[PDB]
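For reference, the chain that follows is the form deposited in one PDB entry, supplied as structure tokens.
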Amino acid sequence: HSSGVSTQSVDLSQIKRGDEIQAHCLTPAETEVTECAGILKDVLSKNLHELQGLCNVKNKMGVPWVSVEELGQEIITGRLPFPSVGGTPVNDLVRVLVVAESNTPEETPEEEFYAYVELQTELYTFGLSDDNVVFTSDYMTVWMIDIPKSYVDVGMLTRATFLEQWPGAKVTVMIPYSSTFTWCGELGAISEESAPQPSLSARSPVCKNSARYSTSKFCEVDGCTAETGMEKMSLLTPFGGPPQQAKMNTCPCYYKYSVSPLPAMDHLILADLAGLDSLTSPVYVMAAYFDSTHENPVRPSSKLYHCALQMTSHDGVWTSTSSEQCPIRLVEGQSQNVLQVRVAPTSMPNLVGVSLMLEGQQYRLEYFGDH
């Protein structure tokens, strides 16, 4: 309804000029709205909802209208459950596409569809203005902007200002984390008398107190020994949550921190998903990691990478996309009903986190921080 998590396969072959949209509208290329605005003018004049096909994952919340009668404003604000850490504070940008739309009122309104969207971070507020517009129609406005990746993360508020509580109003922030993966955070306006309807999305700091894992000193008690197979799983899925159950493994925290020698293994299970037999849309798993390959020790590069693997159900059998740079693998567990996230113990030191995205649920596992 007015909240949830949905997934889908994205084939730019079908999407009209999809390759171009992804390259000039969802990638920091031309610093002018011109190129992208050209591609959308043509494409969106044919299919107004074309962009939705570029969202591998859609995560939405129902947010109540907030009437600021004093200023005649109707506002919808919400903190998106960003799926993975944005990135290190380096000079690397993400091109975000913002879309504001609504249904066309039965009775022709007096007010024009004016909308202003802003993304604020403690230190700076990024405003989507006319100079950011790349497409505009009666009830849909699309803005484009480049923001340092580190800012697109928990801590960024999205505020949409309108002059009317337009029916079916929604604001979507299209966030590409990779060349082949775009995550769409959506704020769906709901009655101002309703309570917020957040999606089932969670953020879990797996290695809380990254000092306890500094040594093999506690392995035994935390159940992280060659005997336990280094598997101390805990349930992610809440109680009244969908049937599919996800679980995270704490032991990988040792292979990332532990200075003391540790048991060697072919692979580690970062997390697993059960219920694959009932899913109908692809499952997405995205990692955030640093690239081992050392470079200039004097001027170290600290760019955070993101790669998203996609497990799909073809004719009933679940198959995953594979990558060489991507430190994680998606393989089924004992049966088909179970999916596992794997990684070579040798990658943990450089792994920042993995995020699980599937119908009705999103889990952001972090192997850093203490909260």
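Sequential numbering from 1, following the sequence displayed. Definition used throughout: the rigid core is the maximal C-alpha set that superposes within 1.5 Å between two forms.
- Judged by mean Cα B factor in the deposited record, 252-260 ranks above the other of 252-260 and 133-141.
- In this crystal structure, the stretch out of 120-128 and 177-185 whose C-alpha atoms carry the higher mean B factor is 120-128.
- Per the deposited record, 217 carries the highest C-alpha B-factor of all listed residues (79, 170, 217, 149).
- Out of 103, 210, 158, 197, the entry records its largest CA B-factor for 210.
- Split the chain's modelled residues into thirds by C-alpha temperature factor. Residue 31 is in the middle one.
- When the modelled residues of the chain are ordered by C-alpha B-factor, residue 49 sits in the middle third.
- The deposited CA B-factor of residue 166 belongs to the lowest third of values across its chain.
- Among the modelled residues of the chain, residue 270 sits in the middle third by CA temperature factor in this PDB entry.
- For residue 276, the recorded CA B-factor ranks within the highest third of the chain. Only modelled residues enter the ranking.
Just so you know, the form deposited in another entry exists too; it's not on screen, but the next bit is about it.
- Comparing C-alpha positions between the shown form and the other one after a rigid core fit, one residue in 313, 323, 52, 27 moves 2 angstroms or more. It is 323.
- In a rigid-core overlay of the protein, residue 120 has its C-alpha displaced by under 2 Å between the shown form and the other one.
- The Cα position of residue 108 differs by 2 Å or more between the shown form and the other one after fitting on the rigid core.
- With the core superposed, residue 131 shows a C-alpha displacement below 2 Å between the shown form and the other one.
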